[PDB]
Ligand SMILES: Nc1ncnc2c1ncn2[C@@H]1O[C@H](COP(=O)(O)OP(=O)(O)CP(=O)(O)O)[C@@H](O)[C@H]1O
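Okay, here we've got a single chain as structure tokens, the form solved without the named molecule, with questions on binding and movement later.
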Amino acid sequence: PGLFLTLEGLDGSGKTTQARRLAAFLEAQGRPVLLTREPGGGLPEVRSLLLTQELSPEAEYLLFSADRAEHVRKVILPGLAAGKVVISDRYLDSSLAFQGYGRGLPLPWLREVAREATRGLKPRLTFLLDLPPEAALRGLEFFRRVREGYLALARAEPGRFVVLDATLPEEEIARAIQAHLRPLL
């Protein structure tokens, strides 16, 4: 038991919708599931703080890392230990795309920080809902750096990333996630 999955992409890429549909799919199959998300699954106040405040990228990354540290320890690892499929809407790859490719932080430092923040926990599969910023349902150069950063991450770890066309019908996307998922159960 225990299966750790994540969803990634730009805000408005369909992640919550696809996390919900994946939950329901797994509920329909009798498989215990836990939905969670970042930011805020570890330290809710990190999410609400950063709604109205803009910090250096380093400080932003470090707040998200503290939230992720609590999130992994109090939510994700306990859920996995109970044998659940734990699905996180955003995880480490979010910081790497947004604070790294987006705001310019060096990836090897981000990962060194993450190593103890996440206790080395990595998803078995990560679904990237890929689209241009203009297609997001909810400046443009920044968001394009993020989109490309995600695609770069996916190219480096083709054993973990599944890249999906986020502009396809939500049902069609969900059925694609289910086919990629079927061999792992």
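For every residue, the number given is its place in the sequence shown, counted from 1.
The discussion below concerns the form deposited with the named molecule bound, not included here.
Participant: Indicate whether the named molecule has at least one heavy atom within 4.5 Å of a heavy atom of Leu168 in the bound PDB entry.
Facilitator: Close contact exists here: in the bound PDB entry, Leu168 approaches the named molecule to within 4.5 Å, heavy atoms only.
Participant: With a cut-off of 4.5 Å between heavy atoms, is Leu10 one of the residues that contacts the named molecule in the bound PDB entry?
Facilitator: Because a heavy atom of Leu10 falls inside 4.5 Å of the named molecule in the bound PDB entry, the answer is yes.
Participant: Any of the heavy atoms of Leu22 lying within 4.5 Å of the named molecule in the bound PDB entry?
Facilitator: The answer is no: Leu22 has no heavy atom within 4.5 Å of the named molecule.
Participant: Heavy atoms within 4.5 Å of the named molecule in the bound PDB entry: does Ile173 have any?
Facilitator: Although the named molecule is absent here, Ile173 would touch it in the bound PDB entry, with heavy atoms inside 4.5 Å.
Participant: What residues of 14-43, in sequence order, lie within 4.5 Å of the named molecule in the bound PDB entry by heavy atom?
Facilitator: In sequence order, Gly14, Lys15, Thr16, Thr17 come within 4.5 Å of the partner.
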